[PDB]
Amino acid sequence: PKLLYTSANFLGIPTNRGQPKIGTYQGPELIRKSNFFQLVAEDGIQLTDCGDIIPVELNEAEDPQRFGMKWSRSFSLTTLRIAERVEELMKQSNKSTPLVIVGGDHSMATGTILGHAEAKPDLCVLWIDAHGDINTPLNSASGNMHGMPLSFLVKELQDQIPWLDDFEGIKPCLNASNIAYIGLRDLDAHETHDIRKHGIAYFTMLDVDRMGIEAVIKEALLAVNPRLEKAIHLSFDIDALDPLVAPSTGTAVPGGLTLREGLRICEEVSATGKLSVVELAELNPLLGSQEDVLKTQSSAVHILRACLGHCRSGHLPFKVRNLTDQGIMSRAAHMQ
């Protein structure tokens, strides 16, 4: 049996200061508690747990609202700490060794992409989400950083980002043409404006309905990675999936991707051989019932396994088993 990726790194980022609901910090543990590692090993992949990044969580006095943003300095400091760690992991592995990141609220993506791009400047981004996460600070109704992580990364948007000194090291490292969305269904008006104005490829649930997920995936890859020349940063918000399948998340929106559609995205991205980083955001084990958490954990594990190359059509055994070798009489042998 052949593998596109024989080894992989696992990294937890328990961000929770990007949105007000406590519990996203438990995301990484939700996956470590699962059978994820075991299942990955059974497919013949060597998965190294690289631990957790410690987010910077300032107190209220140190981090007051600035431009309506909540916890903006905890964000800039966390973003830089994340970027350093991801960069160093990606360069140590510069076949290929994918980095699997479990969050944590989606505000971590500013840091993960920043670091990733430092090691791989020509990357593209596939953003799987019910939301755009591209609100610029003055347009955000909530001030929640998890709704803004792309806005700081996109060059074309920098005239709508307020300057802050502590954000200086957060260099916009993405062109609008390097990003493609899949799964959108709850865009804010100003996000819609920016996405259309700057030509960001986007495939909403309407598109998934009309085109089918197979054509959507194909068109998304065509738009930002036409010849599979670029490393892929796959940023997967669990809330992209339907609430029936991933209820334990802070901003659930009805009419999402089926688990199967989610699997198809990850299977195809994996199969390009260009999956460089996959991050899974917005797991919150403190939301919903016990069964809700189990469903969400289960969905997340299947998604992540798909990213690493798990095939639903089965895998071949590494060693084929033979009855005769154990000194055992078969039915065929007995009849002969």
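When you see a residue number, it is the position in the sequence shown, counting from 1.
- Going from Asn94 to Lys95, the model skips 4 to 9 deposited residues, which lack coordinates.
- Relative to its counterpart among 81 to 89 and 251 to 259, 81 to 89 has the higher mean temperature factor, C-alpha atoms as listed in the PDB entry.
- Taking the PDB entry as given, 323 to 331 carries the higher mean Cα B factor of the two stretches 323 to 331 and 8 to 16.
- Take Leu234, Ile179, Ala130, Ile170 and read off each C-alpha B-factor from the entry; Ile170 has the highest.
- For the set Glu279, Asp292, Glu282, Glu42, the maximum C-alpha B-factor listed in the entry falls on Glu42.
- Among the modelled residues of the chain, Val56 sits in the middle third by CA temperature factor in this PDB entry.
- Sorting the modelled residues of the chain by their CA temperature factor places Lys197 in the middle third.
- The deposited CA B-factor of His146 belongs to the middle third of values across its chain.
- In the deposited entry, the Cα temperature factor of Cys50 sits in the top third of values across the chain's modelled residues.
- Per the PDB record, residue ranking by Cα B-factor puts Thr204 in the lowest third of the chain.
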